[PDB]
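What's in final-v1.cif: mmCIF, C-alpha atoms
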```
data_my_file
loop_
_atom_site.group_PDB
_atom_site.id
_atom_site.type_symbol
_atom_site.label_atom_id
_atom_site.label_comp_id
_atom_site.auth_asym_id
_atom_site.auth_seq_id
_atom_site.Cartn_x
_atom_site.Cartn_y
_atom_site.Cartn_z
ATOM 1 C CA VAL O 1 -6.687 -2.683 34.771
ATOM 2 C CA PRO O 2 -4.805 -5.695 33.382
ATOM 3 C CA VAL O 3 -5.878 -4.983 29.795
ATOM 4 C CA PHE O 4 -4.047 -3.902 26.650
ATOM 5 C CA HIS O 5 -4.745 -0.616 24.865
ATOM 6 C CA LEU O 6 -3.408 -0.080 21.351
ATOM 7 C CA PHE O 7 -2.022 3.311 20.344
ATOM 8 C CA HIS O 8 -0.559 5.066 17.323
ATOM 9 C CA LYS O 9 2.052 7.791 16.986
ATOM 10 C CA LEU O 10 -0.183 10.079 14.923
ATOM 11 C CA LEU O 11 -3.289 9.600 17.100
ATOM 12 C CA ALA O 12 -1.275 10.350 20.220
ATOM 13 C CA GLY O 13 -3.072 10.131 23.551
ATOM 14 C CA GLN O 14 -6.141 8.334 22.146
ATOM 15 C CA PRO O 15 -6.237 4.552 22.677
ATOM 16 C CA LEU O 16 -7.969 2.795 19.823
ATOM 17 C CA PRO O 17 -11.272 0.979 20.411
ATOM 18 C CA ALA O 18 -11.255 -2.806 20.430
ATOM 19 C CA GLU O 19 -14.195 -2.961 17.993
ATOM 20 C CA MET O 20 -12.546 -0.904 15.238
ATOM 21 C CA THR O 21 -11.683 -2.679 12.004
ATOM 22 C CA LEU O 22 -8.399 -2.032 10.238
ATOM 23 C CA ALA O 23 -10.085 -0.260 7.310
ATOM 24 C CA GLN O 24 -11.332 2.448 9.669
ATOM 25 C CA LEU O 25 -7.813 2.709 11.097
ATOM 26 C CA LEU O 26 -6.380 3.238 7.606
ATOM 27 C CA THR O 27 -9.028 5.901 7.007
ATOM 28 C CA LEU O 28 -8.079 7.680 10.242
ATOM 29 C CA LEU O 29 -4.350 7.492 9.502
ATOM 30 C CA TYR O 30 -4.783 8.772 5.946
ATOM 31 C CA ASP O 31 -6.787 11.636 7.422
ATOM 32 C CA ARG O 32 -3.721 12.328 9.608
ATOM 33 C CA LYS O 33 -1.541 12.889 6.499
ATOM 34 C CA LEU O 34 0.162 9.512 6.797
ATOM 35 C CA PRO O 35 1.903 8.702 3.487
ATOM 36 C CA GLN O 36 -0.321 6.761 1.118
ATOM 37 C CA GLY O 37 0.474 3.095 0.609
ATOM 38 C CA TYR O 38 2.674 2.806 3.684
ATOM 39 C CA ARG O 39 4.234 -0.610 4.177
ATOM 40 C CA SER O 40 3.079 -1.179 7.769
ATOM 41 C CA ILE O 41 1.092 0.264 10.674
ATOM 42 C CA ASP O 42 3.209 0.942 13.766
ATOM 43 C CA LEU O 43 0.956 0.226 16.737
ATOM 44 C CA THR O 44 2.097 0.191 20.364
ATOM 45 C CA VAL O 45 0.649 -2.027 23.099
ATOM 46 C CA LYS O 46 0.486 -0.446 26.559
ATOM 47 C CA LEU O 47 -1.083 -2.080 29.599
ATOM 48 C CA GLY O 48 -4.013 -0.356 31.274
ATOM 49 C CA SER O 49 -16.141 7.769 19.526
ATOM 50 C CA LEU O 50 -14.264 6.785 16.364
ATOM 51 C CA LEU O 51 -16.239 3.706 15.259
ATOM 52 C CA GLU O 52 -18.271 5.906 12.888
ATOM 53 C CA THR O 53 -15.316 6.417 10.523
ATOM 54 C CA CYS O 54 -15.964 5.068 7.044
ATOM 55 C CA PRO O 55 -13.904 2.051 5.923
ATOM 56 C CA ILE O 56 -11.358 2.774 3.214
ATOM 57 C CA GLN O 57 -12.354 2.229 -0.415
ATOM 58 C CA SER O 58 -11.477 -1.329 -1.402
ATOM 59 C CA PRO O 59 -10.388 -1.896 -5.025
ATOM 60 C CA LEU O 60 -13.800 -3.301 -5.975
ATOM 61 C CA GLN O 61 -15.565 -0.074 -4.972
ATOM 62 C CA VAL O 62 -13.014 1.964 -6.934
ATOM 63 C CA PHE O 63 -13.610 -0.288 -9.942
ATOM 64 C CA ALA O 64 -17.371 0.007 -9.429
ATOM 65 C CA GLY O 65 -17.006 3.748 -8.828
ATOM 66 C CA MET O 66 -16.456 4.423 -12.539
ATOM 67 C CA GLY O 67 -19.009 1.796 -13.590
ATOM 68 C CA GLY O 68 -16.427 -0.870 -14.359
ATOM 69 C CA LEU O 69 -18.784 -3.679 -13.355
ATOM 70 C CA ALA O 70 -21.157 -2.638 -16.151
ATOM 71 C CA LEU O 71 -18.611 -3.892 -18.688
ATOM 72 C CA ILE O 72 -18.333 -7.174 -16.759
ATOM 73 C CA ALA O 73 -21.958 -8.184 -17.341
ATOM 74 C CA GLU O 74 -21.554 -7.178 -20.992
ATOM 75 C CA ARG O 75 -19.139 -10.115 -21.449
ATOM 76 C CA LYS F 1 15.859 7.425 -3.088
ATOM 77 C CA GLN F 2 19.181 6.881 -4.866
ATOM 78 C CA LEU F 3 18.105 3.524 -6.307
ATOM 79 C CA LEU F 4 15.638 5.194 -8.675
ATOM 80 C CA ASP F 5 18.143 7.990 -9.352
ATOM 81 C CA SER F 6 20.515 5.375 -10.783
ATOM 82 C CA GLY F 7 17.854 4.768 -13.441
ATOM 83 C CA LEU F 8 17.939 0.980 -13.089
ATOM 84 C CA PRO F 9 14.186 0.557 -12.372
ATOM 85 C CA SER F 10 13.422 2.980 -15.206
ATOM 86 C CA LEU F 11 15.793 1.027 -17.450
ATOM 87 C CA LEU F 12 14.030 -2.212 -16.509
ATOM 88 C CA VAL F 13 10.430 -1.059 -16.971
ATOM 89 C CA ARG F 14 11.275 0.094 -20.497
ATOM 90 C CA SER F 15 12.731 -3.334 -21.280
ATOM 91 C CA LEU F 16 9.585 -5.002 -19.924
ATOM 92 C CA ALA F 17 7.436 -2.996 -22.335
ATOM 93 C CA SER F 18 9.842 -3.697 -25.200
ATOM 94 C CA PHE F 19 9.724 -7.446 -24.544
ATOM 95 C CA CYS F 20 5.945 -7.516 -24.045
ATOM 96 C CA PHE F 21 5.436 -6.272 -27.624
ATOM 97 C CA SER F 22 6.102 -9.649 -29.220
ATOM 98 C CA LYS F 23 19.110 -1.094 -23.745
ATOM 99 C CA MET F 24 19.032 -4.470 -21.995
ATOM 100 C CA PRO F 25 17.601 -7.441 -23.925
ATOM 101 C CA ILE F 26 15.159 -9.592 -21.969
ATOM 102 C CA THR F 27 14.329 -13.267 -22.473
ATOM 103 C CA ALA F 28 11.205 -15.080 -21.320
ATOM 104 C CA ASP F 29 13.298 -16.808 -18.631
ATOM 105 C CA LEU F 30 14.219 -13.479 -16.998
ATOM 106 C CA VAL F 31 10.902 -11.577 -16.957
ATOM 107 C CA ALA F 32 9.662 -13.289 -13.794
ATOM 108 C CA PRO F 33 12.781 -12.585 -11.649
ATOM 109 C CA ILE F 34 12.731 -8.875 -12.480
ATOM 110 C CA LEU F 35 8.964 -8.664 -11.988
ATOM 111 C CA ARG F 36 9.590 -10.177 -8.555
ATOM 112 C CA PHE F 37 12.341 -7.596 -8.036
ATOM 113 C CA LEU F 38 9.864 -4.819 -8.828
ATOM 114 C CA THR F 39 7.321 -6.365 -6.455
ATOM 115 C CA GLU F 40 9.843 -6.770 -3.627
ATOM 116 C CA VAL F 41 11.233 -3.240 -3.885
ATOM 117 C CA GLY F 42 7.637 -2.009 -4.147
ATOM 118 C CA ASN F 43 7.085 -2.372 -0.400
ATOM 119 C CA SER F 44 8.321 1.187 0.113
ATOM 120 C CA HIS F 45 5.659 3.789 -0.638
ATOM 121 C CA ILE F 46 8.223 5.687 -2.736
ATOM 122 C CA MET F 47 8.188 2.868 -5.291
ATOM 123 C CA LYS F 48 4.393 2.672 -5.101
ATOM 124 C CA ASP F 49 4.290 6.366 -5.997
#
```

Representation of the structure as structure tokens:
Amino acid sequence: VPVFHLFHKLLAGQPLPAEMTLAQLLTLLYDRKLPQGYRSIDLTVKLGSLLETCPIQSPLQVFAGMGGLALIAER
Amino acid sequence: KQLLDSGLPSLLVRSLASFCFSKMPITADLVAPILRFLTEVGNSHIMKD
């Protein structure tokens, strides 16, 4: 099929779904013991269920995790 | 790996803290270039750690 499937070195043999967002991909890679805060994501394009993975914690959630937003309304 | 072992980033970050409370002396005209140096070298996850 003349379509493009994206791959990753760590998730070898499993083409990624086209509907996945990048946050889920970061979650999957960090599950695969990829070093934290890596500079890039090395995907490979090759011609021709994981959507449930939780998106990674954005900085706002981390700030709101320890009730940081409570101080915001105080000022 | 050997950039941090030379102690230059550690030498810099101490000078940043010394200047902020207002050895290599730092003027206000040099803080931004070395902050940009820290940001640029920070692409590697080793620096982020």

* So which residues get picked by the PyMOL selection byres ((chain F) within 10 of (chain O)) here, written as a ChimeraX atom specification? -> /F:42-49

* **Spatial neighbours of segment 46-59 of chain O, 7 Å, all atoms listed in the file, chain gap at least 6 places, as an MDAnalysis selection string** => chainID O and resid 1:6 20 23:24 26:27

* To do: Evaluate the PyMOL selection byres ((chain F and resi 16) around 12) and record the selected residues as a PyMOL selection string, following the chain and residue labels used in the document.
  => chain F and resi 9-15+17-28+30-35+38

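What separates atom CA of residue 4 of chain F from atom CA of residue 30 of chain O is a distance of 25.4 Å.
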
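Separating atom CA of residue 25 of chain O from atom CA of residue 64 of chain O is a distance of 22.8 Å.
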
Segment 39-42 of chain F, all listed atoms, 6 Å padding on each side: what axis-aligned box centre and edge lengths in Å to one decimal come out, as JSON?
```
{"center_x": 9.3, "center_y": -4.4, "center_z": -5.0, "size_x": 15.9, "size_y": 16.8, "size_z": 14.8}
```

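Our summary of the geometry notes that atom CA of residue 43 of chain O is positioned 23.3 Å from atom CA of residue 40 of chain F.
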
* **Who sits within 12 Å of residue 9 of chain O, only C-alpha atoms, same chain under 2 positions skipped, as a list in words** => residues 6, 7, 11, 12, 13, 14, 15, 16, 29, 32, 34, 41, 42, 43, 44 and 45 of chain O
